[PDB]
>>> print(open('target.tsv').read())   # TSV, N, CA and C atoms
chain	number	residue	atom	x	y	z
A	52	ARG	N	57.19	-88.03	33.48
A	52	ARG	CA	57.57	-87.42	32.18
A	52	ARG	C	56.35	-87.24	31.28
A	53	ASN	N	56.33	-86.14	30.53
A	53	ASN	CA	55.23	-85.85	29.63
A	53	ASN	C	55.72	-85.10	28.39
A	54	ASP	N	56.16	-85.86	27.39
A	54	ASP	CA	56.65	-85.28	26.15
A	54	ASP	C	55.52	-84.64	25.36
A	55	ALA	N	54.33	-85.21	25.46
A	55	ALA	CA	53.17	-84.68	24.76
A	55	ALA	C	52.83	-83.28	25.26
A	56	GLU	N	53.02	-83.06	26.56
A	56	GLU	CA	52.75	-81.76	27.16
A	56	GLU	C	53.67	-80.69	26.58
A	57	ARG	N	54.97	-80.94	26.66
A	57	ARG	CA	55.96	-80.01	26.14
A	57	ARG	C	55.89	-79.97	24.62
A	58	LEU	N	55.79	-81.15	24.02
A	58	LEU	CA	55.71	-81.27	22.57
A	58	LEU	C	54.49	-80.52	22.03
A	59	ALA	N	53.34	-80.73	22.67
A	59	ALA	CA	52.11	-80.08	22.26
A	59	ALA	C	52.26	-78.56	22.27
A	60	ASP	N	52.97	-78.05	23.28
A	60	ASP	CA	53.19	-76.62	23.41
A	60	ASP	C	53.87	-76.06	22.16
A	61	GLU	N	54.84	-76.81	21.64
A	61	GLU	CA	55.57	-76.39	20.45
A	61	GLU	C	54.62	-76.20	19.27
A	62	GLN	N	53.99	-77.29	18.85
A	62	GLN	CA	53.05	-77.26	17.74
A	62	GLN	C	52.03	-76.14	17.92
A	63	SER	N	51.49	-76.03	19.12
A	63	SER	CA	50.51	-75.00	19.43
A	63	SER	C	51.10	-73.61	19.21
A	64	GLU	N	52.35	-73.43	19.62
A	64	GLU	CA	53.03	-72.15	19.47
A	64	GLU	C	53.25	-71.83	18.00
A	65	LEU	N	53.35	-72.87	17.18
A	65	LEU	CA	53.55	-72.68	15.74
A	65	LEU	C	52.28	-72.16	15.09
A	66	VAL	N	51.14	-72.63	15.58
A	66	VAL	CA	49.85	-72.21	15.05
A	66	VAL	C	49.50	-70.80	15.50
A	67	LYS	N	49.72	-70.52	16.79
A	67	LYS	CA	49.42	-69.20	17.34
A	67	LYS	C	50.21	-68.12	16.60
A	68	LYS	N	51.48	-68.42	16.32
A	68	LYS	CA	52.34	-67.48	15.61
A	68	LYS	C	51.82	-67.26	14.19
A	69	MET	N	51.38	-68.35	13.56
A	69	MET	CA	50.86	-68.28	12.20
A	69	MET	C	49.60	-67.42	12.16
A	70	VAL	N	48.69	-67.65	13.10
A	70	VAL	CA	47.46	-66.89	13.17
A	70	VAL	C	47.75	-65.40	13.36
A	71	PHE	N	48.76	-65.10	14.17
A	71	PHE	CA	49.15	-63.72	14.42
A	71	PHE	C	49.39	-63.00	13.09
A	72	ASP	N	50.31	-63.54	12.30
A	72	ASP	CA	50.64	-62.95	11.00
A	72	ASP	C	49.38	-62.75	10.17
A	73	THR	N	48.57	-63.80	10.05
A	73	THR	CA	47.34	-63.73	9.28
A	73	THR	C	46.42	-62.66	9.86
A	74	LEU	N	45.88	-62.94	11.04
A	74	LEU	CA	44.98	-62.00	11.71
A	74	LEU	C	45.57	-60.60	11.74
A	75	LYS	N	46.89	-60.52	11.93
A	75	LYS	CA	47.57	-59.23	11.97
A	75	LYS	C	47.24	-58.42	10.73
A	76	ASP	N	47.75	-58.87	9.59
A	76	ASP	CA	47.52	-58.19	8.32
A	76	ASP	C	46.03	-58.15	7.98
A	77	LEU	N	45.30	-59.19	8.40
A	77	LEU	CA	43.87	-59.27	8.13
A	77	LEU	C	43.12	-58.19	8.89
A	78	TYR	N	43.51	-57.97	10.14
A	78	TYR	CA	42.87	-56.95	10.97
A	78	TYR	C	43.32	-55.55	10.55
A	79	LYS	N	44.43	-55.48	9.83
A	79	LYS	CA	44.95	-54.19	9.36
A	79	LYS	C	44.13	-53.69	8.17
A	80	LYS	N	43.63	-54.62	7.37
A	80	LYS	CA	42.83	-54.25	6.20
A	80	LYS	C	41.61	-53.43	6.61
A	81	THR	N	41.10	-53.69	7.81
A	81	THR	CA	39.94	-52.97	8.31
A	81	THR	C	40.33	-51.58	8.80
A	82	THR	N	41.31	-51.53	9.68
A	82	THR	CA	41.79	-50.26	10.23
A	82	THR	C	43.12	-49.87	9.60
B	52	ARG	N	51.40	-51.11	16.61
B	52	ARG	CA	51.04	-50.38	15.37
B	52	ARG	C	49.60	-49.90	15.40
B	53	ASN	N	48.72	-50.72	15.96
B	53	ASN	CA	47.30	-50.38	16.05
B	53	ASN	C	46.50	-51.52	16.67
B	54	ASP	N	45.21	-51.27	16.90
B	54	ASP	CA	44.34	-52.27	17.50
B	54	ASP	C	44.40	-53.59	16.73
B	55	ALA	N	44.64	-53.50	15.43
B	55	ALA	CA	44.73	-54.69	14.58
B	55	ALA	C	45.77	-55.67	15.12
B	56	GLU	N	46.83	-55.13	15.71
B	56	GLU	CA	47.90	-55.95	16.26
B	56	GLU	C	47.48	-56.57	17.59
B	57	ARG	N	47.13	-55.71	18.55
B	57	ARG	CA	46.71	-56.18	19.87
B	57	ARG	C	45.61	-57.23	19.74
B	58	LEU	N	44.83	-57.14	18.67
B	58	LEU	CA	43.76	-58.10	18.42
B	58	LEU	C	44.33	-59.45	18.04
B	59	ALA	N	45.04	-59.49	16.92
B	59	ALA	CA	45.66	-60.72	16.43
B	59	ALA	C	46.37	-61.46	17.56
B	60	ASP	N	46.85	-60.71	18.54
B	60	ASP	CA	47.55	-61.29	19.68
B	60	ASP	C	46.57	-62.04	20.58
B	61	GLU	N	45.42	-61.42	20.83
B	61	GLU	CA	44.40	-62.02	21.68
B	61	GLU	C	43.84	-63.28	21.03
B	62	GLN	N	43.79	-63.29	19.70
B	62	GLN	CA	43.28	-64.44	18.96
B	62	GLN	C	44.27	-65.59	19.02
B	63	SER	N	45.54	-65.30	18.77
B	63	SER	CA	46.58	-66.32	18.80
B	63	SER	C	46.53	-67.10	20.11
B	64	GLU	N	46.72	-66.40	21.22
B	64	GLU	CA	46.68	-67.02	22.53
B	64	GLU	C	45.42	-67.86	22.69
B	65	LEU	N	44.31	-67.34	22.17
B	65	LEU	CA	43.03	-68.03	22.25
B	65	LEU	C	43.08	-69.33	21.45
B	66	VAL	N	43.59	-69.24	20.22
B	66	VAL	CA	43.70	-70.41	19.36
B	66	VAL	C	44.74	-71.39	19.90
B	67	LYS	N	45.78	-70.85	20.52
B	67	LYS	CA	46.85	-71.67	21.08
B	67	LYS	C	46.30	-72.59	22.17
B	68	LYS	N	45.71	-71.99	23.20
B	68	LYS	CA	45.14	-72.76	24.30
B	68	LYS	C	44.17	-73.81	23.78
B	69	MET	N	43.49	-73.48	22.69
B	69	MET	CA	42.52	-74.39	22.09
B	69	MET	C	43.23	-75.57	21.44
B	70	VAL	N	44.21	-75.28	20.60
B	70	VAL	CA	44.97	-76.32	19.92
B	70	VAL	C	45.90	-77.04	20.88
B	71	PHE	N	46.28	-76.36	21.95
B	71	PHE	CA	47.17	-76.94	22.95
B	71	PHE	C	46.54	-78.18	23.58
B	72	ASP	N	45.28	-78.06	23.98
B	72	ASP	CA	44.56	-79.18	24.59
B	72	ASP	C	44.36	-80.30	23.58
B	73	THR	N	44.01	-79.93	22.35
B	73	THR	CA	43.78	-80.91	21.29
B	73	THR	C	44.97	-81.85	21.16
B	74	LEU	N	46.14	-81.27	20.91
B	74	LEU	CA	47.36	-82.06	20.76
B	74	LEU	C	47.54	-83.02	21.93
B	75	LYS	N	47.20	-82.55	23.13
B	75	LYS	CA	47.31	-83.37	24.33
B	75	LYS	C	46.57	-84.69	24.15
B	76	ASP	N	45.32	-84.60	23.73
B	76	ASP	CA	44.50	-85.78	23.50
B	76	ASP	C	45.01	-86.57	22.30
B	77	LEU	N	45.51	-85.85	21.30
B	77	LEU	CA	46.03	-86.48	20.09
B	77	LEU	C	47.13	-87.49	20.44
B	78	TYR	N	48.03	-87.08	21.33
B	78	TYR	CA	49.13	-87.94	21.75
B	78	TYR	C	48.65	-88.96	22.78
B	79	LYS	N	47.64	-88.57	23.56
B	79	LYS	CA	47.09	-89.45	24.58
B	79	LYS	C	46.72	-90.81	23.99
B	80	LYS	N	46.12	-90.78	22.81
B	80	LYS	CA	45.71	-92.01	22.13
B	80	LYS	C	46.92	-92.89	21.84
B	81	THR	N	48.06	-92.26	21.58
B	81	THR	CA	49.29	-92.99	21.28
B	81	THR	C	50.52	-92.19	21.71
B	82	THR	N	51.08	-92.55	22.86
B	82	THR	CA	52.25	-91.87	23.39
B	82	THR	C	53.32	-92.88	23.82
C	52	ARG	N	20.95	-51.96	7.21
C	52	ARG	CA	22.06	-52.59	6.44
C	52	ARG	C	23.30	-52.77	7.30
C	53	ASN	N	24.01	-53.88	7.10
C	53	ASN	CA	25.22	-54.17	7.86
C	53	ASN	C	26.23	-54.93	7.00
C	54	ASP	N	27.04	-54.18	6.25
C	54	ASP	CA	28.05	-54.79	5.39
C	54	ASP	C	29.16	-55.43	6.22
C	55	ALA	N	29.45	-54.83	7.37
C	55	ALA	CA	30.48	-55.36	8.25
C	55	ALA	C	30.11	-56.75	8.75
C	56	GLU	N	28.82	-56.96	8.99
C	56	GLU	CA	28.34	-58.25	9.46
C	56	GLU	C	28.58	-59.33	8.42
C	57	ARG	N	28.08	-59.10	7.21
C	57	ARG	CA	28.25	-60.04	6.12
C	57	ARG	C	29.71	-60.10	5.69
C	58	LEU	N	30.32	-58.93	5.58
C	58	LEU	CA	31.72	-58.83	5.18
C	58	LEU	C	32.62	-59.57	6.17
C	59	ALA	N	32.38	-59.33	7.46
C	59	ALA	CA	33.16	-59.98	8.51
C	59	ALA	C	33.09	-61.49	8.39
C	60	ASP	N	31.91	-62.00	8.05
C	60	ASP	CA	31.70	-63.43	7.90
C	60	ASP	C	32.66	-64.01	6.87
C	61	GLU	N	32.85	-63.28	5.77
C	61	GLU	CA	33.74	-63.72	4.70
C	61	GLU	C	35.16	-63.91	5.22
C	62	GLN	N	35.76	-62.82	5.67
C	62	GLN	CA	37.12	-62.86	6.20
C	62	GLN	C	37.27	-63.97	7.23
C	63	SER	N	36.31	-64.05	8.14
C	63	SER	CA	36.33	-65.07	9.18
C	63	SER	C	36.33	-66.47	8.58
C	64	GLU	N	35.54	-66.65	7.52
C	64	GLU	CA	35.45	-67.94	6.85
C	64	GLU	C	36.77	-68.29	6.17
C	65	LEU	N	37.53	-67.26	5.80
C	65	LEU	CA	38.82	-67.46	5.15
C	65	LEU	C	39.84	-67.98	6.15
C	66	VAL	N	39.75	-67.49	7.38
C	66	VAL	CA	40.67	-67.90	8.43
C	66	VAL	C	40.34	-69.30	8.93
C	67	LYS	N	39.05	-69.56	9.14
C	67	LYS	CA	38.61	-70.87	9.61
C	67	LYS	C	39.04	-71.97	8.64
C	68	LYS	N	38.91	-71.69	7.35
C	68	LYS	CA	39.30	-72.65	6.32
C	68	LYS	C	40.81	-72.87	6.36
C	69	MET	N	41.55	-71.79	6.55
C	69	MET	CA	43.01	-71.86	6.62
C	69	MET	C	43.45	-72.72	7.80
C	70	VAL	N	42.85	-72.47	8.96
C	70	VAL	CA	43.17	-73.22	10.17
C	70	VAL	C	42.90	-74.70	9.96
C	71	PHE	N	41.80	-75.00	9.28
C	71	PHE	CA	41.43	-76.39	9.01
C	71	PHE	C	42.60	-77.12	8.36
C	72	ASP	N	43.06	-76.60	7.23
C	72	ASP	CA	44.17	-77.21	6.51
C	72	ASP	C	45.37	-77.41	7.44
C	73	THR	N	45.75	-76.35	8.14
C	73	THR	CA	46.88	-76.42	9.06
C	73	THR	C	46.62	-77.46	10.14
C	74	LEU	N	45.66	-77.17	11.02
C	74	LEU	CA	45.32	-78.09	12.10
C	74	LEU	C	45.09	-79.50	11.58
C	75	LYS	N	44.50	-79.59	10.39
C	75	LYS	CA	44.23	-80.88	9.78
C	75	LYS	C	45.50	-81.71	9.70
C	76	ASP	N	46.42	-81.27	8.84
C	76	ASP	CA	47.69	-81.96	8.66
C	76	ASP	C	48.49	-81.99	9.96
C	77	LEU	N	48.34	-80.94	10.77
C	77	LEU	CA	49.05	-80.85	12.04
C	77	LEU	C	48.56	-81.91	13.01
C	78	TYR	N	47.26	-82.13	13.05
C	78	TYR	CA	46.67	-83.12	13.93
C	78	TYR	C	46.91	-84.53	13.40
C	79	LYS	N	47.24	-84.63	12.11
C	79	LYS	CA	47.51	-85.92	11.49
C	79	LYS	C	48.89	-86.43	11.88
C	80	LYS	N	49.83	-85.50	12.09
C	80	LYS	CA	51.18	-85.87	12.47
C	80	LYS	C	51.19	-86.67	13.77
C	81	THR	N	50.21	-86.40	14.63
C	81	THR	CA	50.11	-87.10	15.90
C	81	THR	C	49.51	-88.49	15.71
C	82	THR	N	48.35	-88.54	15.07
C	82	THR	CA	47.68	-89.80	14.81
C	82	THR	C	47.84	-90.22	13.35
D	52	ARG	N	38.48	-88.98	7.75
D	52	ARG	CA	39.76	-89.73	7.69
D	52	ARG	C	40.19	-90.19	9.08
D	53	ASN	N	39.96	-89.35	10.08
D	53	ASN	CA	40.33	-89.68	11.45
D	53	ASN	C	40.01	-88.52	12.40
D	54	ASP	N	40.22	-88.75	13.69
D	54	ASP	CA	39.95	-87.73	14.70
D	54	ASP	C	40.66	-86.43	14.37
D	55	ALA	N	41.82	-86.54	13.72
D	55	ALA	CA	42.59	-85.36	13.35
D	55	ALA	C	41.76	-84.39	12.52
D	56	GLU	N	40.85	-84.93	11.72
D	56	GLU	CA	39.98	-84.11	10.88
D	56	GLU	C	38.87	-83.47	11.70
D	57	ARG	N	38.07	-84.31	12.36
D	57	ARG	CA	36.97	-83.83	13.18
D	57	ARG	C	37.45	-82.76	14.15
D	58	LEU	N	38.72	-82.86	14.54
D	58	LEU	CA	39.31	-81.90	15.47
D	58	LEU	C	39.50	-80.55	14.78
D	59	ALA	N	40.32	-80.53	13.75
D	59	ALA	CA	40.60	-79.32	12.99
D	59	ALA	C	39.31	-78.57	12.67
D	60	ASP	N	38.22	-79.31	12.55
D	60	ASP	CA	36.92	-78.72	12.25
D	60	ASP	C	36.39	-77.96	13.46
D	61	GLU	N	36.52	-78.56	14.64
D	61	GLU	CA	36.06	-77.94	15.87
D	61	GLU	C	36.86	-76.68	16.17
D	62	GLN	N	38.13	-76.69	15.78
D	62	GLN	CA	39.01	-75.55	16.01
D	62	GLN	C	38.64	-74.40	15.08
D	63	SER	N	38.47	-74.71	13.80
D	63	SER	CA	38.11	-73.70	12.81
D	63	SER	C	36.89	-72.90	13.27
D	64	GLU	N	35.77	-73.59	13.46
D	64	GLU	CA	34.55	-72.95	13.92
D	64	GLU	C	34.82	-72.10	15.15
D	65	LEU	N	35.66	-72.62	16.04
D	65	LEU	CA	36.01	-71.91	17.26
D	65	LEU	C	36.77	-70.62	16.94
D	66	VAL	N	37.76	-70.73	16.05
D	66	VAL	CA	38.55	-69.57	15.66
D	66	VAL	C	37.71	-68.60	14.83
D	67	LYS	N	36.77	-69.14	14.06
D	67	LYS	CA	35.90	-68.32	13.23
D	67	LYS	C	35.06	-67.38	14.08
D	68	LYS	N	34.27	-67.96	14.99
D	68	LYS	CA	33.42	-67.18	15.87
D	68	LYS	C	34.24	-66.12	16.61
D	69	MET	N	35.49	-66.46	16.91
D	69	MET	CA	36.38	-65.55	17.61
D	69	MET	C	36.77	-64.38	16.71
D	70	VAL	N	37.25	-64.69	15.51
D	70	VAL	CA	37.66	-63.67	14.56
D	70	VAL	C	36.45	-62.94	13.98
D	71	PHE	N	35.30	-63.62	13.98
D	71	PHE	CA	34.08	-63.03	13.46
D	71	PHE	C	33.70	-61.78	14.23
D	72	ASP	N	33.73	-61.88	15.56
D	72	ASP	CA	33.40	-60.75	16.42
D	72	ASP	C	34.43	-59.64	16.27
D	73	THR	N	35.70	-60.02	16.21
D	73	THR	CA	36.78	-59.05	16.07
D	73	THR	C	36.52	-58.13	14.89
D	74	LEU	N	36.38	-58.71	13.70
D	74	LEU	CA	36.13	-57.94	12.49
D	74	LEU	C	34.97	-56.97	12.69
D	75	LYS	N	33.94	-57.42	13.41
D	75	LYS	CA	32.78	-56.59	13.68
D	75	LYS	C	33.21	-55.26	14.30
D	76	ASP	N	34.01	-55.35	15.35
D	76	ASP	CA	34.50	-54.16	16.04
D	76	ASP	C	35.47	-53.39	15.15
D	77	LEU	N	36.26	-54.12	14.37
D	77	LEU	CA	37.23	-53.51	13.47
D	77	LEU	C	36.55	-52.51	12.53
D	78	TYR	N	35.42	-52.92	11.97
D	78	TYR	CA	34.67	-52.06	11.06
D	78	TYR	C	33.86	-51.03	11.84
D	79	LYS	N	33.45	-51.40	13.05
D	79	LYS	CA	32.67	-50.50	13.89
D	79	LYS	C	33.36	-49.15	14.02
D	80	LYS	N	34.67	-49.18	14.22
D	80	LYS	CA	35.45	-47.96	14.36
D	80	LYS	C	35.34	-47.09	13.11
D	81	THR	N	35.22	-47.74	11.95
D	81	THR	CA	35.10	-47.03	10.69
D	81	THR	C	34.29	-47.83	9.68
D	82	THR	N	33.02	-47.46	9.52
D	82	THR	CA	32.14	-48.15	8.58
D	82	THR	C	31.39	-47.14	7.71
>>> encode(input="target.tsv", output="structure tokens")
Amino acid sequence: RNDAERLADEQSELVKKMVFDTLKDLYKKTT
Amino acid sequence: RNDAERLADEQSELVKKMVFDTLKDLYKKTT
Amino acid sequence: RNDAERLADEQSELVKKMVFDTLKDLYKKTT
Amino acid sequence: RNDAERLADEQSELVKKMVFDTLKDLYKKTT
């Protein structure tokens, strides 16, 4: 069993999604 | 919508894999 | 002259700082 | 404060250099 593995995936997915929104609109300001 | 989107996507996945490993070690110390 | 170079640094610095706060408190939840 | 901090720092710089290059190309298309 590895809760940290699955658990870590969650938190990581939360950050990746957050960056998307930011970088998304941020990258739009240029183009 | 534009390159700005496809970009933010490449960054997220990049940041995810990065933070993904971090959390792993974070819990490793105490699981 | 390269405004994109210096300009890019700014935006990038804004994201890095943002991630710090997030990852900071996020990494604290573990330890 | 703890490893959680030193970590978030390593991630930021990592995400920065990543987003730093992106912006470069973003403006490259139109500067």
>>> closest_atom_pairs(input="target.tsv", of="chain A", to="chain D", cutoff="7 Å", atoms="all atoms listed in the file", output="tab-separated table")
residue	atom	partner	partner_atom	distance
A:78	CA	D:74	CA	7.0
A:81	C	D:77	C	5.4
A:82	N	D:77	C	5.6
>>> calpha_fit_and_write(input="target.tsv", fixed="chain D", moving="chain B", output="tab-separated table (two decimals) with N, CA and C atoms, keeping the file's coordinate frame")
chain	number	residue	atom	x	y	z
B	52	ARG	N	38.48	-88.98	7.75
B	52	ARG	CA	39.76	-89.72	7.70
B	52	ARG	C	40.20	-90.19	9.08
B	53	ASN	N	39.96	-89.35	10.08
B	53	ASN	CA	40.34	-89.68	11.46
B	53	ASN	C	40.02	-88.52	12.40
B	54	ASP	N	40.22	-88.76	13.70
B	54	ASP	CA	39.94	-87.74	14.70
B	54	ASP	C	40.66	-86.43	14.37
B	55	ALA	N	41.81	-86.54	13.73
B	55	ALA	CA	42.60	-85.36	13.35
B	55	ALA	C	41.76	-84.38	12.53
B	56	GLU	N	40.85	-84.93	11.72
B	56	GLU	CA	39.99	-84.11	10.88
B	56	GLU	C	38.87	-83.47	11.70
B	57	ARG	N	38.07	-84.32	12.36
B	57	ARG	CA	36.96	-83.82	13.18
B	57	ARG	C	37.45	-82.76	14.16
B	58	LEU	N	38.72	-82.86	14.55
B	58	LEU	CA	39.31	-81.89	15.47
B	58	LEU	C	39.50	-80.55	14.79
B	59	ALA	N	40.32	-80.53	13.75
B	59	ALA	CA	40.60	-79.32	12.99
B	59	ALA	C	39.30	-78.57	12.67
B	60	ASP	N	38.21	-79.31	12.55
B	60	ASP	CA	36.91	-78.73	12.25
B	60	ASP	C	36.39	-77.95	13.46
B	61	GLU	N	36.52	-78.56	14.63
B	61	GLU	CA	36.05	-77.94	15.87
B	61	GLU	C	36.86	-76.68	16.17
B	62	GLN	N	38.13	-76.69	15.78
B	62	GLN	CA	39.01	-75.54	16.01
B	62	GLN	C	38.64	-74.40	15.08
B	63	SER	N	38.46	-74.71	13.80
B	63	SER	CA	38.10	-73.70	12.81
B	63	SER	C	36.89	-72.90	13.27
B	64	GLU	N	35.77	-73.59	13.46
B	64	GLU	CA	34.55	-72.95	13.92
B	64	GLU	C	34.82	-72.10	15.15
B	65	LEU	N	35.66	-72.61	16.04
B	65	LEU	CA	36.01	-71.91	17.27
B	65	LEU	C	36.76	-70.62	16.94
B	66	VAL	N	37.76	-70.73	16.06
B	66	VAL	CA	38.55	-69.57	15.66
B	66	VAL	C	37.71	-68.60	14.84
B	67	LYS	N	36.78	-69.14	14.06
B	67	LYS	CA	35.91	-68.32	13.22
B	67	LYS	C	35.06	-67.38	14.08
B	68	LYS	N	34.27	-67.96	14.99
B	68	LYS	CA	33.43	-67.18	15.87
B	68	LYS	C	34.24	-66.12	16.61
B	69	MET	N	35.49	-66.46	16.90
B	69	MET	CA	36.38	-65.55	17.61
B	69	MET	C	36.78	-64.38	16.71
B	70	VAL	N	37.25	-64.69	15.51
B	70	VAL	CA	37.65	-63.67	14.56
B	70	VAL	C	36.45	-62.95	13.98
B	71	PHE	N	35.31	-63.62	13.98
B	71	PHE	CA	34.08	-63.03	13.46
B	71	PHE	C	33.70	-61.78	14.24
B	72	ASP	N	33.73	-61.88	15.56
B	72	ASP	CA	33.39	-60.75	16.43
B	72	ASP	C	34.42	-59.64	16.27
B	73	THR	N	35.70	-60.02	16.21
B	73	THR	CA	36.78	-59.05	16.07
B	73	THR	C	36.53	-58.12	14.89
B	74	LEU	N	36.38	-58.72	13.71
B	74	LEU	CA	36.13	-57.94	12.49
B	74	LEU	C	34.97	-56.97	12.69
B	75	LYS	N	33.95	-57.42	13.41
B	75	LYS	CA	32.78	-56.59	13.68
B	75	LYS	C	33.20	-55.26	14.31
B	76	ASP	N	34.01	-55.35	15.35
B	76	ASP	CA	34.50	-54.16	16.04
B	76	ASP	C	35.48	-53.39	15.15
B	77	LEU	N	36.25	-54.13	14.37
B	77	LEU	CA	37.23	-53.52	13.47
B	77	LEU	C	36.55	-52.52	12.53
B	78	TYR	N	35.42	-52.92	11.98
B	78	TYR	CA	34.67	-52.07	11.06
B	78	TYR	C	33.86	-51.03	11.83
B	79	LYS	N	33.45	-51.40	13.05
B	79	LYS	CA	32.67	-50.50	13.89
B	79	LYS	C	33.36	-49.15	14.03
B	80	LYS	N	34.67	-49.19	14.21
B	80	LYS	CA	35.46	-47.96	14.36
B	80	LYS	C	35.34	-47.10	13.11
B	81	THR	N	35.21	-47.74	11.96
B	81	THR	CA	35.10	-47.03	10.69
B	81	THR	C	34.29	-47.84	9.67
B	82	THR	N	33.02	-47.47	9.51
B	82	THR	CA	32.14	-48.15	8.59
B	82	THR	C	31.39	-47.15	7.70
>>> atom_distance(input="target.tsv", atom1="atom N of residue 60 in chain A", atom2="atom C of residue 68 in chain C")
21.5 Å
>>> axis_aligned_box(input="target.tsv", around="range 52-70 of chain B", padding_each_side="3 Å", output="JSON")
{"center_x": 47.0, "center_y": -63.5, "center_z": 19.4, "size_x": 14.9, "size_y": 33.1, "size_z": 15.7}
>>> atom_distance(input="target.tsv", atom1="atom N of residue 71 in chain B", atom2="CA of residue 53 in chain D")
18.0 Å
>>> atom_distance(input="target.tsv", atom1="CA of residue 63 in chain A", atom2="CA of residue 64 in chain B")
9.4 Å
>>> select_by_dssp(input="target.tsv", residues="chain D", states="helix (DSSP H, G or I)", output="MDAnalysis selection string")
chainID D and resid 54:79
>>> write_last_selection(input="target.tsv", atoms="N, CA and C atoms", output="tab-separated table (two decimals), keeping the file's coordinate frame")
chain	number	residue	atom	x	y	z
D	54	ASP	N	40.22	-88.75	13.69
D	54	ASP	CA	39.95	-87.73	14.70
D	54	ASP	C	40.66	-86.43	14.37
D	55	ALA	N	41.82	-86.54	13.72
D	55	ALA	CA	42.59	-85.36	13.35
D	55	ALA	C	41.76	-84.39	12.52
D	56	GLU	N	40.85	-84.93	11.72
D	56	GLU	CA	39.98	-84.11	10.88
D	56	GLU	C	38.87	-83.47	11.70
D	57	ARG	N	38.07	-84.31	12.36
D	57	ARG	CA	36.97	-83.83	13.18
D	57	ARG	C	37.45	-82.76	14.15
D	58	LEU	N	38.72	-82.86	14.54
D	58	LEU	CA	39.31	-81.90	15.47
D	58	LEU	C	39.50	-80.55	14.78
D	59	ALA	N	40.32	-80.53	13.75
D	59	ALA	CA	40.60	-79.32	12.99
D	59	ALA	C	39.31	-78.57	12.67
D	60	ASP	N	38.22	-79.31	12.55
D	60	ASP	CA	36.92	-78.72	12.25
D	60	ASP	C	36.39	-77.96	13.46
D	61	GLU	N	36.52	-78.56	14.64
D	61	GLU	CA	36.06	-77.94	15.87
D	61	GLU	C	36.86	-76.68	16.17
D	62	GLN	N	38.13	-76.69	15.78
D	62	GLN	CA	39.01	-75.55	16.01
D	62	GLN	C	38.64	-74.40	15.08
D	63	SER	N	38.47	-74.71	13.80
D	63	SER	CA	38.11	-73.70	12.81
D	63	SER	C	36.89	-72.90	13.27
D	64	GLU	N	35.77	-73.59	13.46
D	64	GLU	CA	34.55	-72.95	13.92
D	64	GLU	C	34.82	-72.10	15.15
D	65	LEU	N	35.66	-72.62	16.04
D	65	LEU	CA	36.01	-71.91	17.26
D	65	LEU	C	36.77	-70.62	16.94
D	66	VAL	N	37.76	-70.73	16.05
D	66	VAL	CA	38.55	-69.57	15.66
D	66	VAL	C	37.71	-68.60	14.83
D	67	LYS	N	36.77	-69.14	14.06
D	67	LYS	CA	35.90	-68.32	13.23
D	67	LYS	C	35.06	-67.38	14.08
D	68	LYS	N	34.27	-67.96	14.99
D	68	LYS	CA	33.42	-67.18	15.87
D	68	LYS	C	34.24	-66.12	16.61
D	69	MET	N	35.49	-66.46	16.91
D	69	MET	CA	36.38	-65.55	17.61
D	69	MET	C	36.77	-64.38	16.71
D	70	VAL	N	37.25	-64.69	15.51
D	70	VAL	CA	37.66	-63.67	14.56
D	70	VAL	C	36.45	-62.94	13.98
D	71	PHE	N	35.30	-63.62	13.98
D	71	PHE	CA	34.08	-63.03	13.46
D	71	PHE	C	33.70	-61.78	14.23
D	72	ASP	N	33.73	-61.88	15.56
D	72	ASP	CA	33.40	-60.75	16.42
D	72	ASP	C	34.43	-59.64	16.27
D	73	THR	N	35.70	-60.02	16.21
D	73	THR	CA	36.78	-59.05	16.07
D	73	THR	C	36.52	-58.13	14.89
D	74	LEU	N	36.38	-58.71	13.70
D	74	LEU	CA	36.13	-57.94	12.49
D	74	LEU	C	34.97	-56.97	12.69
D	75	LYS	N	33.94	-57.42	13.41
D	75	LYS	CA	32.78	-56.59	13.68
D	75	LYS	C	33.21	-55.26	14.30
D	76	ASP	N	34.01	-55.35	15.35
D	76	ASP	CA	34.50	-54.16	16.04
D	76	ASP	C	35.47	-53.39	15.15
D	77	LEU	N	36.26	-54.12	14.37
D	77	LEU	CA	37.23	-53.51	13.47
D	77	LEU	C	36.55	-52.51	12.53
D	78	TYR	N	35.42	-52.92	11.97
D	78	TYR	CA	34.67	-52.06	11.06
D	78	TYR	C	33.86	-51.03	11.84
D	79	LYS	N	33.45	-51.40	13.05
D	79	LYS	CA	32.67	-50.50	13.89
D	79	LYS	C	33.36	-49.15	14.02
